[PDB]
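Shown next, in structure tokens, is the structure this report addresses.
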Amino acid sequence: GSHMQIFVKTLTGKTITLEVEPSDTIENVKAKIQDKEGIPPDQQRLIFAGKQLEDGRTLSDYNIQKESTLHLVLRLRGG
Amino acid sequence: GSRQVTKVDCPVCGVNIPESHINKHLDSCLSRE
Ligand SMILES: [Zn+2]
């Protein structure tokens, strides 16, 4: 019900601040990158410390707390 | 509107590669354990 801020930084070096819970879910987080920069969860990919972030899991699962900085892989496969 | 193949880093194995190959790299590189 609250909103915590996390820094999901693209391979283009741009930082996307989301407003979700650490105990929310990764599926939600990636939907929120789409809510910020306007790129869908298909064309972006979530990775922290070299591990891929699975949709069904949470930030807290993958050792990601609030205000953690992780990497975002742009694909732009749609064209 | 960038008519070019984008060169970007693979955040798992830390290598700079084209973006088509970055995506494919991950599918191999995230396969852990
Ligand atoms: Zn790789």
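Convention: chains lettered A, B, ... in structure tokens order; per-chain residue numbering from 1; ligands numbered from 1 as shown.
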Counting only C-alpha atoms, collect the residues of chain B whose closest atom lies at most 7 Å from chain A, and write them out as a VMD selection string. chain B and resid 8 to 9 11 to 12 19 23 30
Excluding range 27-40 of chain A and its own-chain neighbours fewer than 3 positions away, which residues fall within 7 Å of it when counting only C-alpha atoms? Please give them as a JSON list (two decimals) with N, CA and C atoms, in the first residue's frame.
```json
[["chain", "number", "residue", "atom", "x", "y", "z"],
["A", 16, "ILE", "N", 16.05, 5.09, -13.66],
["A", 16, "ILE", "CA", 14.58, 5.06, -13.53],
["A", 16, "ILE", "C", 14.21, 4.77, -12.07],
["A", 18, "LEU", "N", 11.49, 3.99, -9.38],
["A", 18, "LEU", "CA", 10.13, 3.40, -9.24],
["A", 18, "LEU", "C", 9.65, 3.60, -7.81],
["A", 20, "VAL", "N", 7.61, 1.39, -5.51],
["A", 20, "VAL", "CA", 7.00, 0.08, -5.15],
["A", 20, "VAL", "C", 7.63, -0.44, -3.85],
["A", 43, "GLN", "N", 10.42, -5.23, -23.66],
["A", 43, "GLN", "CA", 11.58, -4.54, -24.27],
["A", 43, "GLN", "C", 12.65, -4.15, -23.24],
["A", 44, "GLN", "N", 12.31, -4.22, -21.97],
["A", 44, "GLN", "CA", 13.27, -4.02, -20.87],
["A", 44, "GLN", "C", 13.44, -5.33, -20.07],
["A", 55, "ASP", "N", 9.72, -12.55, -12.59],
["A", 55, "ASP", "CA", 8.43, -11.85, -12.40],
["A", 55, "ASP", "C", 7.73, -12.26, -11.09],
["A", 56, "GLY", "N", 7.67, -13.58, -10.85],
["A", 56, "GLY", "CA", 6.95, -14.14, -9.70],
["A", 56, "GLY", "C", 7.58, -13.80, -8.35]]
```
Sorted by chain and rising residue number, list the residues of chain B at most 10 Å from ligand 1 (counting only C-alpha atoms and all ligand atoms), each with its closest atom pair and distance in Å to one decimal, as CSV.
```
residue,atom,partner,partner_atom_place_in_ligand_line,distance
B:9,CA,ligand 1,1 (Zn),8.3
B:10,CA,ligand 1,1 (Zn),4.9
B:11,CA,ligand 1,1 (Zn),7.2
B:12,CA,ligand 1,1 (Zn),5.7
B:13,CA,ligand 1,1 (Zn),4.5
B:14,CA,ligand 1,1 (Zn),6.6
B:15,CA,ligand 1,1 (Zn),6.2
B:16,CA,ligand 1,1 (Zn),8.7
B:17,CA,ligand 1,1 (Zn),8.7
B:21,CA,ligand 1,1 (Zn),8.7
B:22,CA,ligand 1,1 (Zn),6.8
B:23,CA,ligand 1,1 (Zn),8.7
B:24,CA,ligand 1,1 (Zn),8.2
B:25,CA,ligand 1,1 (Zn),4.4
B:26,CA,ligand 1,1 (Zn),5.6
B:27,CA,ligand 1,1 (Zn),8.5
B:28,CA,ligand 1,1 (Zn),7.1
B:29,CA,ligand 1,1 (Zn),5.1
B:30,CA,ligand 1,1 (Zn),8.3
```
Residues within 10 Å of residue 3 in chain A, only C-alpha atoms, excluding chain neighbours under 5 positions, as number ranges by chain: A: 18-22, 24, 66
Output file for the selection above: N, CA and C atoms, as a JSON list (two decimals), in the first residue's frame:
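Once written, selection-v7.json looks like this:
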```json
[["chain", "number", "residue", "atom", "x", "y", "z"],
["A", 18, "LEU", "N", 11.49, 3.99, -9.38],
["A", 18, "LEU", "CA", 10.13, 3.40, -9.24],
["A", 18, "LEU", "C", 9.65, 3.60, -7.81],
["A", 19, "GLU", "N", 8.34, 3.46, -7.61],
["A", 19, "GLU", "CA", 7.69, 3.71, -6.31],
["A", 19, "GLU", "C", 6.89, 2.46, -5.90],
["A", 20, "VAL", "N", 7.61, 1.39, -5.51],
["A", 20, "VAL", "CA", 7.00, 0.08, -5.15],
["A", 20, "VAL", "C", 7.63, -0.44, -3.85],
["A", 21, "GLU", "N", 7.10, -1.55, -3.33],
["A", 21, "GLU", "CA", 7.59, -2.17, -2.09],
["A", 21, "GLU", "C", 8.76, -3.13, -2.42],
["A", 22, "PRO", "N", 9.76, -3.32, -1.50],
["A", 22, "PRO", "CA", 10.75, -4.41, -1.64],
["A", 22, "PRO", "C", 10.06, -5.80, -1.63],
["A", 24, "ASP", "N", 6.99, -6.30, -2.74],
["A", 24, "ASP", "CA", 5.92, -6.23, -3.75],
["A", 24, "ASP", "C", 6.04, -7.44, -4.72],
["A", 66, "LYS", "N", 14.92, -1.23, -0.63],
["A", 66, "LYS", "CA", 14.58, 0.11, -1.11],
["A", 66, "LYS", "C", 15.86, 0.92, -1.34]]
```
Atom pair CA of residue 63 in chain A / CA of residue 2 in chain A: separation (Å):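 Here the two named atoms are 19.5 Å from each other.
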Quick one: pick out all alpha helix (DSSP H) residues within chain B from a backbone DSSP run and write them as a short mmCIF file (atom, residue, chain, number, x, y, z; two decimals) with N, CA, C and O atoms, in the first residue's frame.
```
data_model
loop_
_atom_site.label_atom_id
_atom_site.label_comp_id
_atom_site.auth_asym_id
_atom_site.auth_seq_id
_atom_site.Cartn_x
_atom_site.Cartn_y
_atom_site.Cartn_z
N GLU B 19 23.34 -5.06 -29.08
CA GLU B 19 22.14 -5.23 -28.25
C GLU B 19 21.37 -6.55 -28.55
O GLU B 19 20.82 -7.17 -27.64
N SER B 20 21.33 -6.96 -29.81
CA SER B 20 20.75 -8.27 -30.20
C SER B 20 21.50 -9.42 -29.48
O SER B 20 20.90 -10.37 -28.94
N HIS B 21 22.84 -9.27 -29.42
CA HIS B 21 23.74 -10.22 -28.77
C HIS B 21 23.78 -10.02 -27.24
O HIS B 21 24.19 -10.93 -26.53
N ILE B 22 23.35 -8.82 -26.73
CA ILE B 22 23.28 -8.57 -25.27
C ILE B 22 22.12 -9.38 -24.70
O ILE B 22 22.28 -10.07 -23.70
N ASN B 23 20.98 -9.35 -25.41
CA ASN B 23 19.76 -10.06 -25.03
C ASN B 23 20.04 -11.58 -24.96
O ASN B 23 19.80 -12.21 -23.92
N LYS B 24 20.62 -12.11 -26.07
CA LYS B 24 20.97 -13.53 -26.19
C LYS B 24 22.00 -13.96 -25.11
O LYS B 24 21.89 -15.06 -24.52
N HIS B 25 22.97 -13.06 -24.85
CA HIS B 25 24.02 -13.27 -23.85
C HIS B 25 23.39 -13.54 -22.49
O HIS B 25 23.83 -14.44 -21.79
N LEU B 26 22.36 -12.75 -22.15
CA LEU B 26 21.69 -12.84 -20.85
C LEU B 26 21.05 -14.20 -20.67
O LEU B 26 21.25 -14.81 -19.64
N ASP B 27 20.32 -14.67 -21.69
CA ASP B 27 19.63 -15.99 -21.67
C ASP B 27 20.61 -17.14 -21.31
O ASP B 27 20.23 -18.12 -20.67
N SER B 28 21.88 -16.98 -21.73
CA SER B 28 22.96 -17.92 -21.39
C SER B 28 23.59 -17.59 -20.02
O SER B 28 23.90 -18.48 -19.23
N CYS B 29 23.75 -16.28 -19.75
CA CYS B 29 24.55 -15.76 -18.62
C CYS B 29 23.79 -15.82 -17.28
O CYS B 29 24.41 -15.91 -16.22
#
```
Option closest in space to residue 60 in chain A, from A:25, A:41, A:78, A:4 [counting only C-alpha atoms]: A:25
Out of chain A, which residues get strand (DSSP E or B) from DSSP, as a PDB file with C-alpha atoms, in the first residue's frame?
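Written file, part_35.pdb:
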```pdb
ATOM      1  CA  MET A   4       9.468   2.877  -1.734  1.00  0.00           C
ATOM      2  CA  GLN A   5      11.940   4.207  -4.313  1.00  0.00           C
ATOM      3  CA  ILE A   6      14.445   1.950  -6.176  1.00  0.00           C
ATOM      4  CA  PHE A   7      16.994   2.962  -8.869  1.00  0.00           C
ATOM      5  CA  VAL A   8      16.716   0.770 -12.008  1.00  0.00           C
ATOM      6  CA  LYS A   9      19.490   2.116 -14.254  1.00  0.00           C
ATOM      7  CA  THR A  10      19.557   1.261 -17.992  1.00  0.00           C
ATOM      8  CA  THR A  15      18.295   6.027 -13.947  1.00  0.00           C
ATOM      9  CA  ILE A  16      14.584   5.063 -13.527  1.00  0.00           C
ATOM     10  CA  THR A  17      13.179   5.668 -10.000  1.00  0.00           C
ATOM     11  CA  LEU A  18      10.133   3.402  -9.238  1.00  0.00           C
ATOM     12  CA  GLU A  19       7.689   3.708  -6.313  1.00  0.00           C
ATOM     13  CA  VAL A  20       7.001   0.082  -5.150  1.00  0.00           C
ATOM     14  CA  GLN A  44      13.267  -4.019 -20.871  1.00  0.00           C
ATOM     15  CA  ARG A  45      14.921  -6.737 -18.653  1.00  0.00           C
ATOM     16  CA  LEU A  46      15.568  -6.666 -14.854  1.00  0.00           C
ATOM     17  CA  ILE A  47      19.049  -7.721 -13.541  1.00  0.00           C
ATOM     18  CA  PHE A  48      20.661  -7.041 -10.086  1.00  0.00           C
ATOM     19  CA  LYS A  51      21.134 -12.330 -11.447  1.00  0.00           C
ATOM     20  CA  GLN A  52      17.940 -11.969 -13.607  1.00  0.00           C
ATOM     21  CA  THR A  69      20.652   0.437  -7.752  1.00  0.00           C
ATOM     22  CA  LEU A  70      20.346  -2.384 -10.322  1.00  0.00           C
ATOM     23  CA  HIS A  71      20.754  -2.712 -14.130  1.00  0.00           C
ATOM     24  CA  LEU A  72      18.076  -2.564 -16.856  1.00  0.00           C
ATOM     25  CA  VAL A  73      18.635  -4.118 -20.299  1.00  0.00           C
ATOM     26  CA  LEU A  74      16.937  -2.304 -23.190  1.00  0.00           C
TER      27      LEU A  74
END
```
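Take CA of residue 54 in chain A and CA of residue 1 in chain A: the distance between them is 21.6 Å.
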